[PDB]
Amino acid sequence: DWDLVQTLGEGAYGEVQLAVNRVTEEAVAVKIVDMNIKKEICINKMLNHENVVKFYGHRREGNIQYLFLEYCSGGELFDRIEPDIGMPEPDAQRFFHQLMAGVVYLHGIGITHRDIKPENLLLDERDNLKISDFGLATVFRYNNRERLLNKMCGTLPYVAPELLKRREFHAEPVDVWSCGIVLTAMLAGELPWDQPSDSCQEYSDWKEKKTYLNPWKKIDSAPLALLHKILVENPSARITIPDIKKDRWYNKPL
């Protein structure tokens, strides 16, 4: 059926192989996991959008799952972020538009990803950004009724502060915050804090508006002003995606 040509990634999660069709030479990605995966499959089956990694199907051979996925030859966004520099501002803006499109799509169908970070955003052959790895994703809305979440999911530098502080919390502002951290990384090549908490010096400095320090001094006033609306501790005063779409920098031709 498919020839496994090479490893695209490996981790405790499992591995990702580039597979090439024996007859047609079509290339796809195959995520292989040795048995959570049932849910990842379930969620993947719900998705159809240009800014999400497309799911083609799956096959279970014993205890091993093979998920057939759209091959994104551009790799992880993470490898486009030059350490302590980031990337040109216009590329950052374009990737952010595309990230927003994907997140808007997921939220529209009541799905929250919960693990948004540059390692889980892939780039296709035309450098279009695609949301990847739905292994922590879940439903937060059923028939116009929202459920608040309580699970400790994600990676600390990207997680919203309410995740640590509150007994439960709305899904959407958590994904928005992580998108702001990804935006900061893209602009400055630097994560702003290890943990979103007052005991982290870099976090308090941000709340004390010390943007003369890194990474904020590397960032132009315009996108910086977007980041002040996104990286807001109180999730109820945090900017929503409909209002992100109205931000001056977001709409600035670059």
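Start at 1 and count along the sequence shown; that's the residue number. In this text, the rigid core denotes the largest set of C-alpha atoms whose superposition between the two forms falls within 1.5 Å.
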Study note, to complete from the structure: 139-147 or 125-133, the stretch lying farther from the shown form in 4 other deposited structures of this protein by root mean square CA distance over structures and residues, after core fitting, is 139-147
Check your understanding: Out of 221-229 and 22-30, which shows the greater rigid core-aligned C-alpha deviation in 4 other deposited structures of this protein?
Key -> 22-30
Exercise for review: Could you bin the unmodelled part of the deposited chain lying between residue 42 and residue 43 as none, 1 to 3, 4 to 9, or 10 or more?
Suggested key: none
Point to revise | Which of 147-155 and 95-103 has higher mean CA B factor, as the PDB entry lists it | key: 147-155
Review point. With respect to the recorded C-alpha B factors, which stretch has the higher mean value, 181-189 or 199-207?
Key: 199-207
Review point. Considering only 131, 85, 72, 176, which residue's Cα atom bears the greatest B-factor as recorded?
Key: 85
Review point. Reading the B-factor column of the entry, which of 166, 170, 114, 117 has the highest value at its C-alpha atom?
Key: 166
Revision key, fill the gap. Residue 16: C-alpha B-factor third of its chain, per the entry, is the middle
Practice item. Among all modelled residues of this chain, ranked by Cα B factor, put residue 36 in the bottom, middle or top third, i.e. lowest, middle or highest. Key: highest
Practice item. Sort the modelled residues of this chain by their C-alpha B factor and say whether residue 48 lands in the lowest, middle or highest third. Key: middle
Review point. Hey, what third does residue 224 fall into on Cα B-factor, ranked over its chain?
Key: middle
